[PDB]
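Okay, so here's just one chain, in structure tokens, the form deposited in one PDB entry.
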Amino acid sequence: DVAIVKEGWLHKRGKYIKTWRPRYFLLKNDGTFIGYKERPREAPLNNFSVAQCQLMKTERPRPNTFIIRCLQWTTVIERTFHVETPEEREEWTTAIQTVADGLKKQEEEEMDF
């Protein structure tokens, strides 16, 4: 069954306004990545799958930024996050990567041959 893999505060850059705001995110092993205004009913402000997504690291405009990029149909979705240390970024990117890898292995076992 589906369990939380990692949860915690992330600084998220907005989609339309490119400002940064603190958000409480939860990553689940089915690829669910859900973000709330406060530590959690109250609906989430962000809700997307990390399945088939790409992790990118950047230092501008903020150090220790990571981007989750997902190509969906014609559209490309990007979600931008900042944490205070490069170690915390590695903490998050490793967790997201391992979940994505689990789901990729599952897809490949279904689609290959």
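A residue's number is simply how far along the shown sequence it sits, counting from 1. Residues that one form lacks are left out of the comparison. Each form is matched to the other, and the largest set of C-alpha atoms that superpose within 1.5 Å is called the rigid core.
Same protein, other form: the form deposited with a small molecule bound, not shown, and the subject of what follows.
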Can you tell me if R23 lies within 4.5 angstroms of the small molecule in the entry with it bound, counting non-hydrogen atoms only?
yes
In the entry with it bound, does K15 come within 4.5 Å of the small molecule, counting heavy atoms only?
yes
Under a 4.5 Å heavy atom criterion, is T58 part of the interface with the small molecule in the entry with it bound?
no
In the entry with it bound, does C70 come within 4.5 Å of the small molecule, counting heavy atoms only?
no
Displaced residue check between the shown form and the other one: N47, CA, 2 Å or over, core reference
no
After a rigid core superposition, would you say the CA of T85 moves by 2 angstroms or more between the shown form and the other one, or not?
no
Of the residues shared between the shown form and the other one, runs of 3+ whose Cα all shift 2 Å or more on the rigid core are 71 to 76
